[PDB]
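Given next, in structure tokens, is a single chain: the form deposited in one PDB entry.
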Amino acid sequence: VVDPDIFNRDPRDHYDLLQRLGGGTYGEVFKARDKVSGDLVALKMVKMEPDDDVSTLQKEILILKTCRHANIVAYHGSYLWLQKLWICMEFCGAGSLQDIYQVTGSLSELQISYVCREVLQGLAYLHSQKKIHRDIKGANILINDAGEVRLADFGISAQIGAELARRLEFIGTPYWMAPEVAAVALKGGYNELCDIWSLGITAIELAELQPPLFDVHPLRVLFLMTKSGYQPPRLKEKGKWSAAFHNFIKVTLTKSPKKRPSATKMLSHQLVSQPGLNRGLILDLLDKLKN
């Protein structure tokens, strides 16, 4: 069973499908309207046929259903009907920051600062629940028509969670196992501070339209990160960005997780504490997107 609170009914009983927004490996996403309230929702539809593995989708729903924070996409339930699973969420009309910057070009420093503050608020909430997003990037940060910021796409977090559960199920007898082996099997070998690093990379992505080393073979990038002299990336254009932005990048991209600041600590950084960070900055961006 995918989730103990699934609605075993046709989602079309409750929603009018308005537009297919896209589709691929993850399934398809629809814009729909609540037939009673008139509110808009996103429906993510995935095939869910007998003997398919439900574990990843199960974990994704578990994450969404237990979050109640403005900066995490709101969850309105899931439907299982005729071997399709529909996950219903708050609609973000502008899509992701990647959808936006592919049209607008690079964001301003103030726009990036607001985005980073909103993402850090969502991360601090997730971390206080002992959750880890594990896939912070422009493609997974959604923007609504009011310029508000929502973390979404917990698929990677759910995949990791489901694999972690499978590791525990088949760990075998533990009595000869070294503690660090048990720790990797139970906890994964890293912690929530990985999300802070990913946010620093995301800030570079919003500034430059690509993450660092985007043109290097992925396996080479992984290898370089494991060398003892690996150097965190930096913003390319020194004079374009303030010292505060360069320092935000420096501290979020702290190599050692033992020394990397938490989401709550980062919320005190000058870049995201400064006045004038509000959704109007992103309304400006969305106007550019249409103008």
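For the two forms, the rigid core is made up of the largest set of C-alpha atoms that agree within 1.5 Å on superposition. Start at 1 and count along the sequence shown; that's the residue number.
As for the form deposited in another entry, it is not shown, yet the points below apply to it.
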- Query: Looking at 251, 54, 67, 244, which has a Cα shift of 2 angstroms or more between the shown form and the other one when the rigid core is held fixed?
  - Reply: 54
- Message: Once the core is aligned, does residue 134 move its Cα by at least 2 Å between the shown form and the other one?
- Response: no
- Message: Please determine whether the C-alpha atom of residue 177 is displaced by 2 Å or more between the shown form and the other one following superposition on the rigid core.
- Response: yes
- Item | Flag for residue 117, CA shift 2 Å or larger between the shown form and the other one after aligning core | no
- Task: Could you tell me whether residue 55 and residue 199 have their C-alpha atoms closer or farther apart in the other form than in the shown form, knowing the shift is 3 angstroms or more?
- Result: farther
- Query: Would one find the Cα atoms of residue 180 and residue 230 closer or farther in the other form than in this form, where their distance changes by 3 Å or more?
  - Reply: closer
